[PDB]
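What follows is a pair of forms of the same protein chain, given separately as structure tokens and numbered structure 1 and structure 2.
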Structure 1
């Protein structure tokens, strides 16, 4: 009963997302998935790749719990499909870090695709 209604927009719900981590991914039409961004909910830490480093400003909102992705200055390079994922992180895990592999995320969205 965890849910990620997505459209950016990605309403999280289902569990008190303490020590969770939520980010976005990119599904290549002729390749595998790919990381995009990520952020911890119990501490405003973030992490991007280099391809969109500084280009995006994805953050949290008020109350529990939604995560946006301000994709300003969009380039014709990120031609793929966006996804919204979430995961729990154990106490032994670095409270400053963020997993990046798709494997590391347990709950996923239904994929939204916008074109500019």
Structure 2
């Protein structure tokens, strides 16, 4: 099990850039994955990006591909470039230990596929 804490939240102006961080406390192995989800006003919690801690497989939702980069250092980062007002949302860090039979180069995208969650942090592009 891991405990998760986001940082880097806050305001940024349109056309700027912002980096979120999430520090994981606990054992970060055995098909361990981390992800970012976000929830905009009036919307569901949506998948943003995820990463496999071993091997480095990543996947991005279509609307952020090429603009956002997810990476490792203990800590996962979401580097957010060319920010638009529509990127405004509460961003949540998530993590999970995938089942033993999982492909080593695969990631789930549904919120309930991730067992561990941060409290979320507001990002406002305005």
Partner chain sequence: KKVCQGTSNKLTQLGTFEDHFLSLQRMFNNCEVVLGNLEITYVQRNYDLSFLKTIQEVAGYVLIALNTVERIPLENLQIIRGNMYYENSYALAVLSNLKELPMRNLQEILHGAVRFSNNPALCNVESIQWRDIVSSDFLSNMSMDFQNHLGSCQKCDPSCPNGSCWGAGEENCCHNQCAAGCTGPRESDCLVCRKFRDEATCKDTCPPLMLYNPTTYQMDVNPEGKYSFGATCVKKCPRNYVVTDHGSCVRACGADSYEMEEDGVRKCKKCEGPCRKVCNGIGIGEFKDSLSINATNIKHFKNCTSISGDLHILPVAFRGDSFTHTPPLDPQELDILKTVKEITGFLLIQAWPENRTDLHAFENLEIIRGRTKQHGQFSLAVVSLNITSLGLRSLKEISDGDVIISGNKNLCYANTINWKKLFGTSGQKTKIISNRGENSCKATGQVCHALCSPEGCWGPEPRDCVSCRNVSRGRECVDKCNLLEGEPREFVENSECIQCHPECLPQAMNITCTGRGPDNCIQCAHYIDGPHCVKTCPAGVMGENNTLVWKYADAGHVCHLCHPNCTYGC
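Residue numbers count along the first chain shown, from 1. Between two forms, the rigid core is defined as the largest C-alpha subset superposing within 1.5 Å.
*Asks:* Determine, for this pair of isolated chain forms, which one is the form solved in complex with its partner chain.
*Replies:* Pick structure 1 here.
*Asks:* Answer yes if the CA of residue 17 moves 2 Å or more between structures 1 and 2 after aligning the rigid core, and no otherwise.
*Replies:* Yes; residue 17 is a residue whose C-alpha shifts (by 2 Å or more) between structures 1 and 2 when the cores are overlaid.
*Asks:* Determine, in Å, the CA shift of residue 89 between structures 1 and 2 after the rigid core is used for superposition.
*Replies:* That residue's C-alpha is offset by 1.1 Å.
*Asks:* In Å, how far apart are the CA positions of residue 105 between structures 1 and 2 with the rigid core superposed?
*Replies:* Between its two positions, the C-alpha of residue 105 lies 0.4 Å apart after core fitting.
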